[PDB]
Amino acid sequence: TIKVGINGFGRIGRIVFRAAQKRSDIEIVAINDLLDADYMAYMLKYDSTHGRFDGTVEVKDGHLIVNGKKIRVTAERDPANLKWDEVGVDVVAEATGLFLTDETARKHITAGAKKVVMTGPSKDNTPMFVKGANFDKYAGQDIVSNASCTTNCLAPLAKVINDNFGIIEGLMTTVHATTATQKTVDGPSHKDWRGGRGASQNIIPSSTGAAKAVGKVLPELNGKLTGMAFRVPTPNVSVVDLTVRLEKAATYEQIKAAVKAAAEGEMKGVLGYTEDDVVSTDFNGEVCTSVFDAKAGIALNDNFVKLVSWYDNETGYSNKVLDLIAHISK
């Protein structure tokens, strides 16, 4: 059983935690945030997006008790002081958003852990892995990244589309839910001025390297995709709107057939396929990181098409983080 330690118990850390409960191959043996253990329990117990926690949580001697299982709680601002080895943590899930470089993340290995998974795209050359795209390329690196939730939606779709028909070029938009970084009313964000504007009131243009990043986990698609985002007032679930030019002409039904073949075979559990009249809330809790929406899409012609695919940016991503942890331990 792979022991894991979550650093940062925010949205991802918490939903990764809930997702690990249903796995046999992984134990979450420790958590580090900047919160008292009782507050950490409260945040685990109750969730505005995902309902109440299925199971028991208790606090004794400053340690969480979750379904009879002790979890070490710490509050070390500096990942250097974490003593990961006094709990036997094999891998740490880096979920604070702060340590997305080798140098910063490597402190976990210095503090006792063996390997690290960053729960965001790396800010340096830390290699990125996306299930159904390039998990098999992993070479034993002790520090990795699961890229972003959007790359986790886009890449599996793009692989199938490229593998069957050939993407000459593609431009992507993600209509994306509100995230922690945003502001409830017009506030400061000197990094990102639009991003400070009240999240409940606005459609907010936003930039992303999610489409570029696909060409890293799929090198054959390098230089061929790029894109952007609009943040909208939903608390969870997002959607990719990919417009691609194809080398081989394909009817919309041919494209449907291809994705459905992959979703049922090669990409099962990663890429999903629907023909129902679905909306965002229908995918709250979706574990598949990309779910093709057959009826949403549209073809101008056999060689030019807008494709649509859904993802629960919280749940799907958190699940593949555990899949990445699992894979690098194999």
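Note that residue numbering follows the sequence shown and begins at 1. For the two forms, the rigid core is made up of the largest set of C-alpha atoms that agree within 1.5 Å on superposition.
Inset, instruction - Overlaying the structures in 6 other deposited structures of this protein on the rigid core, point out which of 207-215 and 153-161 has the bigger RMS C-alpha shift. - result: After superposing on the rigid core, the more displaced stretch in 6 other deposited structures of this protein is 207-215.
Legend entry - Stretch with the higher entry mean CA B-factor, where the candidates are 76-84 and 210-218: Averaging CA B-factors over each stretch, the winner is 76-84.
Inset, instruction - Decide which of the stretches 123-131 and 173-181 has the higher mean C-alpha B-factor, going by the entry. - result: Higher mean C-alpha B-factor: 123-131.
Legend entry - Highest-ranked of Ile298, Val291, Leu64, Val279 once sorted by CA temperature factor in the record: Spelled out: the listed residue with the top C-alpha B-factor is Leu64.
Inset, instruction - Check the PDB entry and point out which of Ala113, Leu242, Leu157, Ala257 has the largest C-alpha temperature factor. - result: In this record, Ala113 carries the highest C-alpha B-factor of the candidates.
Legend entry - Entry-reported Cα temperature factor of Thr234, expressed as the chain third it lands in: It belongs to the lowest third of the chain when residues are ordered by C-alpha B-factor.
Legend entry - Among modelled residues of the same chain, the CA temperature factor third for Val287: Tercile = lowest for this residue's CA B-factor.
Inset, instruction - Could you say whether, by C-alpha temperature factor, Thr96 belongs to the lowest, middle or highest third of its chain? - result: Middle third.
Inset, instruction - Could you say whether, by C-alpha temperature factor, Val144 belongs to the lowest, middle or highest third of its chain? - result: Middle third, going by the recorded CA B-factors of the chain.
Legend entry - Chain thirds of CA B-factor: placement of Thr251: As the PDB entry reports it, the C-alpha B-factor of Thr251 lands in the middle third of its chain.
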